[PDB]
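One chain comes next, on its own, written out as structure tokens in the form deposited without the ligand.
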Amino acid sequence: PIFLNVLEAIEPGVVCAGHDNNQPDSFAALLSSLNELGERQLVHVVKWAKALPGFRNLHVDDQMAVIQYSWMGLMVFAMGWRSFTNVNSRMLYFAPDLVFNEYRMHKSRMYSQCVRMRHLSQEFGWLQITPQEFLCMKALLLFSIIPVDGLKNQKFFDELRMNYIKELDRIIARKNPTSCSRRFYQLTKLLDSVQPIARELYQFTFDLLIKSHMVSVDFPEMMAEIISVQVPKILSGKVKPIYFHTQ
């Protein structure tokens, strides 16, 4: 299975946030650790994306674009999976050194978002998502959010996305077509559910960036730039998710 072989081969390892668990939880400490984790994971997302079949055939400006728009969804989905596989969705496993119980969900001031992410995590159990389905789905999330006015080379993006949809379909395909159809429906619905969550997190981090000096939250280099230049394009509707089903 050439494609799946590649996805498993390139899958990033464990990333720690660097969080001090010996200190009492505070809003500022938790969010500063999340922001650092974001920066660390972004580095891994770039190295991963570059190794995905067909990715480097995109225009370099489109490579930049998809990474800068898709990262929240990619990272949320992966965290949901870690949470499912490591703690049966009981807590949010952001990193081995940054695990959110309900108290931290409250302290973070992102409780509503956390609950939705935990629901997402539970869906991996409820649907019995396989590791191989997870890998293909995550890859597809990189190609699930683009500018409304299209990319630099839309045709190449369209072919790439089409081929990642095909690979997911093949992983699903089960003698009975009705089971394959129900499965594809379930998984595309799950994929779609990532985007509203990512949007709420995008809103939160944008607002937090705008007031970060007031609340003592540190944003690293790339994250602060992405959140001020790219994220508002999502928030203003210039960049939108590609949904399977209508919202």
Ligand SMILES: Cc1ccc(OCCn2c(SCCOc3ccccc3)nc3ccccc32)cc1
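All residue numbers are counted from 1 along the displayed sequence.
Same protein, other form: the form solved in complex with the ligand, not shown, and the subject of what follows.
Colleague: Looking at the ligand in the deposited complex, do all three of 26, 29 and 103 come within 4.5 Å of it through at least one heavy atom?
Modeller: Per the other structure, none of 26, 29 and 103 touch the ligand.
Colleague: Between the options 86, 112, 163, 130, which residue brings a heavy atom to within 4.5 Å of the ligand in the deposited complex?
Modeller: Going through each option in turn, the one that passes is 163.
Colleague: Taking heavy atoms only, is residue 156 within 4.5 angstroms of the ligand in the deposited complex?
Modeller: Residue-level check for residue 156: yes, a contact with the ligand.
Colleague: Report whether the minimum heavy atom distance between residue 243 and the ligand in the deposited complex is within 4.5 Å.
Modeller: No - in the deposited complex, heavy atoms of residue 243 and the ligand never come within 4.5 Å of each other.
Colleague: Give a yes/no on whether residue 184 approaches the ligand to within 4.5 Å in the deposited complex, heavy atoms considered.
Modeller: No, residue 184 is distant from the partner.
Colleague: Check whether residue 56 has any heavy atom within 4.5 Å of a heavy atom of the ligand in the deposited complex, and answer yes or no.
Modeller: Close contact exists here: in the deposited complex, residue 56 approaches the ligand to within 4.5 Å, heavy atoms only.
Colleague: Going by the ligand in the deposited complex, which residues of 1 to 37 come within 4.5 Å of it through any heavy atom?
Modeller: Read in sequence order, the lone residue that approaches the ligand (within 4.5 Å, in the deposited complex) is 3.
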